[PDB]
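Trainee: Got a structure here, written out as structure tokens. Questions coming.
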Amino acid sequence: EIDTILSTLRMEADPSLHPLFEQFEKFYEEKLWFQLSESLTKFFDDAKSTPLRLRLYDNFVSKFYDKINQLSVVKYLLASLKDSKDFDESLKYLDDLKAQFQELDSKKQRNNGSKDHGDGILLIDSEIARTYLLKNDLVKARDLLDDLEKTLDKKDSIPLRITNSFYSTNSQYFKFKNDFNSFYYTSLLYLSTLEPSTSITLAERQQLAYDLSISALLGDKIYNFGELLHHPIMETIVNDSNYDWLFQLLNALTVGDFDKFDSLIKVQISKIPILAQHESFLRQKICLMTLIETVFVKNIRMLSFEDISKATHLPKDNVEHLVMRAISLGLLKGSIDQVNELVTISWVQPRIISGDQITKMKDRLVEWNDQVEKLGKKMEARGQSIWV
Amino acid sequence: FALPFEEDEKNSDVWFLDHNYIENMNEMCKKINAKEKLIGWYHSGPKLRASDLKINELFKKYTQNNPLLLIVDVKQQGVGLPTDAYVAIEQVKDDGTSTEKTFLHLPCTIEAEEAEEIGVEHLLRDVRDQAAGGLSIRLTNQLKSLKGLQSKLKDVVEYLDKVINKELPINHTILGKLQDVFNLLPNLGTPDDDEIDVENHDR
Amino acid sequence: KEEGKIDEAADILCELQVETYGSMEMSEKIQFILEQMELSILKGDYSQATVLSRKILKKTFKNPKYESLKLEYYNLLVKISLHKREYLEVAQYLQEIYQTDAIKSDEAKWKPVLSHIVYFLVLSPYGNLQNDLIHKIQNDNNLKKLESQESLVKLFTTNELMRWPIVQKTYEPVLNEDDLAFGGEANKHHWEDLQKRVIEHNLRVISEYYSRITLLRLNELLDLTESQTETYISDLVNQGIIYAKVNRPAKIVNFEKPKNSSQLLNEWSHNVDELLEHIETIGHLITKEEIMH
């Protein structure tokens with residue numbers, strides 16, 4: 001029935017993919033088809049580059065989809081139309097299996113008294129929008145993404161796997177428009193909710209990584225940089241030439257050293273034109289980070305112009321323009337004076353909190369605590385006998 | 001009201017809860033007052049467990065609201081908070097981590113019913129912990145408040161110490177609140193502070 | 001029209017048509033009046049035109065059969081207004097056209113209609129009508145179909161410190177080949193208006209961010225003498241847009257509303273109250289964090 005097709009597929013396949021065919025037939029004989037899902041996924045990681053995933057999956061999906069979970073059918077589906085070049089081709093499977101799952105949820109569910117099937121529709125609507133972005137029909141994709149987003153809020157128990165697909169489709173959308181800030185926040189949700197049983201290879205970590213990082217440097221309100229050190233995706237990728245400088249540029253940015261920053265950017269202008277055309281934004285970005293960092297750890301909440309003039313290594317004239325941007329963006333908030341030559345802030349924006357910041361926070365409460373105690377001892381002694 | 005429950009000391013995530021009693025209780029008490037419906041469950045305390053996270057999924061099924069966890073401290077080793085209120089919610093969690101199940105503290109207030117007030121005052125024959133009546137009560141109170149401020153602040157010192165020395169995970173909500181604390185700290189020699197001094201002469 | 005009597009000729013016919021007639025059907029009456037407005041502009045009398053405009057009703061053009069007529073009416077009505085130099089009303093008129101189905105559907109009819117709305121929203125001199133209207137054009141992505149227009153509206157909306165020639169330079173070849181905007185001989189006084197408008201926005205910027213700043217430094221920012229600057233600071237202290245105090249000696253200009261003894265005392269209570277709240281929630285969360293760990 002299905003035996004001939006698998007036999008044609010195995011002959012086309014390499015000798016290293018040969019035992020995986022053998023296992024499909026072995027498991028089929030036993031009549032456990034869950035064991036069959038496990039094997040199938042393995043095959044599709046190492047054979048998405050051969051065109052053989054586009055015929056293998058159909059045979060299994062269109063018999064079992066009820067003897068195997070909804071996650072299994074979609075798992076296969078994602079890998080198959082992953083590298084596919086014709087989007088007209090791609091659209092037709094997504095629609096055929098959407099209609100199938102709808103029908104499934106009326107019949108199986110009454111009889112077993114178990115098993116949902118309406119979860120599977122949700123994940124297909126992500127992949128239709130993903131397919132629309134790839135045609136360069138960006139706008140259209142966004143109308144289904146709003147519709148799915150509403151459907152999601154109806155649910156009070158939303159899965160990881162499903163919203164991981166959804167945050168993803170959204171993150172691709174913004175960076176095609178080259179919105180750096182919009183991308184970075186939405187990607188932080190994707191990375192954090194990222195599943196343990198991935199659809200992400202080591203090469204795909206690099207490509208994602210790069211998009212995370214570029215946005216970080218070229219932002220204008222992104223001064224959370226420690227969540228690329230709290231995700232393996234960019235954290236342990238740093239040993240590649242490309243990701244050596246790319247990581248360094250973040251460290252330079254963080255610590256406010258102008259010597260290191262100058263050395264680094266010279267190379268990255270000529271080589272990369274996205275760093276080149278945005279080099280002005282990037283340059284003023286380092287300088288704004290100096291302002292907020294330097295006032296936080298000090299227990300005063302104002303700085304002179306003269307302090308800043310030395311700090312950013314620029315004129316007293318520059319100070320006016322950069323400190324002004326800081327109020328606009330909302331990095332800082334406060335009053336600016338040129339007559340008394342001060343900027344006295346009333347707010348610092350929240351950041352991700354590294355080890356030195358916590359030490360200074362500690363030494364502040366040791367000062368505080370000691371005062372309450374002294375103010376207290378004097379008042380316990382005075383009027384000791386009268387409290388009635 | 002009590003329900004039947006059983007607990008194991010070998011693994012602590014092994015327990016019995018009786019559902020059948022729950023069904024009978026609801027039927028009986030509806031007639032007593034049409035103002036009793038399921039709103040969650042108390043946990044007798046004195047502490048919050050992580051095992052109360054699992055028990056919560058039972059009560060989440062029984063009633064369509066997020067169910068209140070009510071800690072009733074009956075061992076009273078905390079000078080405040082005899083009642084703590086907690087509603088389990090799901091939120092995505094700092095330091096690159098997953099959607100985790102957590103219990104978020106809310107106000108745990110007492111305001112009392114009319115009905116309740118009448119028995120409460122009657123039984124009372126003490127001059128109360130705090131009432132804030134005469135000047136005598138509030139002079140006591142001022143000094144009590146100061147000891148109060150210090151006690152909360154102390155636990156915070158030891159939290160920051162332990163992040164950088166004893167590797168408890170960095171939760172940016174607690175660090176962020178301290179930022180906000182420091183930005184509402186009056187600074188001497190500003191016009192706000194100077195005004196306080198003048199007003200003291202006038203009062 | 002050809003004779004010297006175009007004024008006299010229009011005057012007779014308007015007298016006739018300001019008397020409604022029942023022998024006239026709905027479509028005919030509405031179309032006929034639109035003609036009479038055009039003639040009052042040619043007369044040179046703009047009062048007469050306001051009257052004729054309001055003779056016909058606005059809610060008669062909200063039927064789909066009278067949509068042919070609806071476009072002619074709001075286009076006319078801008079011309080009358082624009083001359084009278086009311087920049088708020090025009091921007092609100094053109095927006096009505098923008099919403100029209102005919103203009104929107106066809107992917108080139110909507111194009112100059114939007115461009116025009118940007119120029120008059122900006123030319124309008126502050127007001128809270130400005131803020132809501134201009135925030136609607138910003139959310140649209142049909143302002144992401146033109147690259148000229150996005151830069152101009154956003155530059156007037158956002159809080160930025162900027163000077164006259166930088167802005168002037170950016171917009172000097174762009175908007176001069178567009179008439180019924182900046183291109184015309186009388187609309188050389190709407191390019192002249194554009195200078196005031198960017199410095200009217202600067203004063204709003206400058207007042208929030210900067211409490212006390214030198215008068216001298218302020219002069220170079222609006223790119224004028226001290227005499228001119230001080231007048232223009234005053235206009236907006238009266239219209240309540242800013243509160244400022246300007247010293248003739250060129251000591252200071254103190255951009256502020258002065259607090260009183262009570263306001264300082266009130267503001268210092270809230271700081272101390274809200275503080276206490278933050279301390280207490282923190283201790284709640286220490287207990288949670290360690291227990292789960």
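Labels used: A, B, ... for chains in the order of the structure tokens, numbers from 1 for residues in each chain, and numbers from 1 for ligands as shown.
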List the neighbours of residue 65 (chain B) out to 12 Å using only C-alpha atoms; skip same-chain residues closer than 4 positions along the sequence, and give me the result as an MDAnalysis selection string.
Mentor: (chainID A and resid 156) or (chainID B and resid 37:40 56:57 59:61 87:89)
Trainee: Would you output that residue set with N, CA and C atoms, as a JSON list (two decimals), in the first residue's frame?
Mentor:
[["chain", "number", "residue", "atom", "x", "y", "z"],
["A", 156, "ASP", "N", -7.55, 31.11, 28.27],
["A", 156, "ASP", "CA", -7.07, 31.48, 29.59],
["A", 156, "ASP", "C", -6.00, 30.41, 29.93],
["B", 37, "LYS", "N", -20.23, 30.91, 47.27],
["B", 37, "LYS", "CA", -19.97, 30.13, 46.13],
["B", 37, "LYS", "C", -18.49, 29.84, 46.24],
["B", 38, "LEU", "N", -17.85, 29.05, 45.40],
["B", 38, "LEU", "CA", -16.52, 28.65, 45.53],
["B", 38, "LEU", "C", -15.64, 29.85, 45.17],
["B", 39, "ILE", "N", -14.68, 30.27, 46.07],
["B", 39, "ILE", "CA", -13.85, 31.42, 45.59],
["B", 39, "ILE", "C", -12.42, 30.98, 45.73],
["B", 40, "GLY", "N", -12.09, 29.77, 46.24],
["B", 40, "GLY", "CA", -10.75, 29.25, 46.33],
["B", 40, "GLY", "C", -10.78, 28.42, 47.56],
["B", 56, "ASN", "N", -3.35, 23.72, 44.13],
["B", 56, "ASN", "CA", -4.01, 24.81, 43.37],
["B", 56, "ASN", "C", -4.68, 24.40, 42.04],
["B", 57, "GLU", "N", -4.16, 23.39, 41.21],
["B", 57, "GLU", "CA", -4.66, 23.01, 39.90],
["B", 57, "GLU", "C", -5.97, 22.30, 39.98],
["B", 59, "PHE", "N", -8.45, 23.23, 42.39],
["B", 59, "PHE", "CA", -9.29, 24.32, 42.74],
["B", 59, "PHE", "C", -9.46, 25.22, 41.57],
["B", 60, "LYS", "N", -8.53, 25.26, 40.62],
["B", 60, "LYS", "CA", -8.60, 25.98, 39.41],
["B", 60, "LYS", "C", -9.56, 25.25, 38.55],
["B", 61, "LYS", "N", -9.53, 23.93, 38.52],
["B", 61, "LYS", "CA", -10.58, 23.18, 37.78],
["B", 61, "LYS", "C", -12.03, 23.35, 38.34],
["B", 87, "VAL", "N", -3.06, 34.75, 44.79],
["B", 87, "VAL", "CA", -3.74, 34.26, 43.64],
["B", 87, "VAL", "C", -2.69, 33.83, 42.68],
["B", 88, "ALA", "N", -2.76, 32.47, 42.37],
["B", 88, "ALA", "CA", -1.88, 31.94, 41.37],
["B", 88, "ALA", "C", -2.18, 32.41, 39.93],
["B", 89, "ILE", "N", -1.16, 32.93, 39.30],
["B", 89, "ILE", "CA", -1.20, 33.45, 37.89],
["B", 89, "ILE", "C", -0.05, 33.05, 37.10]]
Trainee: Return as a tab-separated table the residues of chain C lying at most 10 Å from chain B, together with the closest atom-to-atom pair for each and the distance in Å to one decimal, counting only C-alpha atoms, with rows in chain order and ascending residue number.
Mentor:
residue	atom	partner	partner_atom	distance
C:261	CA	B:195	CA	6.9
C:262	CA	B:195	CA	8.7
C:263	CA	B:192	CA	9.0
C:264	CA	B:192	CA	5.2
C:265	CA	B:192	CA	6.6
C:266	CA	B:192	CA	9.1
C:267	CA	B:192	CA	7.7
C:268	CA	B:192	CA	6.0
C:269	CA	B:192	CA	9.8
C:270	CA	B:184	CA	8.6
C:271	CA	B:184	CA	4.9
C:272	CA	B:184	CA	6.8
C:273	CA	B:184	CA	9.2
C:274	CA	B:184	CA	7.7
C:275	CA	B:181	CA	5.3
C:276	CA	B:149	CA	8.2
C:277	CA	B:181	CA	9.1
C:278	CA	B:177	CA	6.1
C:279	CA	B:152	CA	6.9
C:280	CA	B:152	CA	6.6
C:281	CA	B:105	CA	8.4
C:282	CA	B:174	CA	5.8
C:283	CA	B:152	CA	6.1
C:284	CA	B:105	CA	7.1
C:285	CA	B:174	CA	7.1
C:286	CA	B:159	CA	7.0
C:287	CA	B:48	CA	8.9
C:288	CA	B:48	CA	8.0
C:289	CA	B:171	CA	7.9
C:290	CA	B:168	CA	7.3
C:291	CA	B:49	CA	7.2
C:292	CA	B:50	CA	6.1
C:293	CA	B:168	CA	7.3
Trainee: Tell me the residues of chain B close to chain A, meaning within 6 Å using only C-alpha atoms, as an mmCIF file with N, CA and C atoms, in the first residue's frame.
Mentor:
data_model
loop_
_atom_site.group_PDB
_atom_site.id
_atom_site.type_symbol
_atom_site.label_atom_id
_atom_site.label_comp_id
_atom_site.auth_asym_id
_atom_site.auth_seq_id
_atom_site.Cartn_x
_atom_site.Cartn_y
_atom_site.Cartn_z
ATOM 1 N N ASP B 95 15.222 36.463 33.441
ATOM 2 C CA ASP B 95 16.526 35.818 33.299
ATOM 3 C C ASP B 95 16.476 34.808 32.203
ATOM 4 N N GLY B 96 15.578 35.032 31.157
ATOM 5 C CA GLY B 96 15.450 34.356 29.924
ATOM 6 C C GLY B 96 14.523 33.180 30.093
ATOM 7 N N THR B 97 13.773 33.043 31.223
ATOM 8 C CA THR B 97 13.105 31.825 31.587
ATOM 9 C C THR B 97 11.737 31.775 31.075
ATOM 10 N N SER B 98 11.142 30.615 31.144
ATOM 11 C CA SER B 98 9.775 30.225 30.653
ATOM 12 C C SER B 98 8.707 30.924 31.389
ATOM 13 N N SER B 136 -1.399 59.501 73.558
ATOM 14 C CA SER B 136 -0.649 58.446 74.261
ATOM 15 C C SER B 136 -0.461 57.219 73.377
ATOM 16 N N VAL B 157 18.393 43.961 52.802
ATOM 17 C CA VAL B 157 19.893 43.985 52.901
ATOM 18 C C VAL B 157 20.422 42.650 52.671
#
Trainee: I need the residue nearest chain C from this list: A:333, A:378, A:63, A:142. Use only C-alpha atoms for the distance.
Mentor: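 Closest residue, counting only C-alpha atoms: A:333.
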Trainee: Could you list the residues in chain C lying within 9 Å of chain A, using only C-alpha atoms, and format the result as a VMD selection string?
Mentor: chain C and resid 158 to 161 208 to 214 252
Trainee: Mind checking DSSP for region 131-234 of chain A and telling me the alpha helix (DSSP H) residues as a ChimeraX atom specification?
Mentor: /A:131-135,138-154,160-177,180-192,202-217,232-234
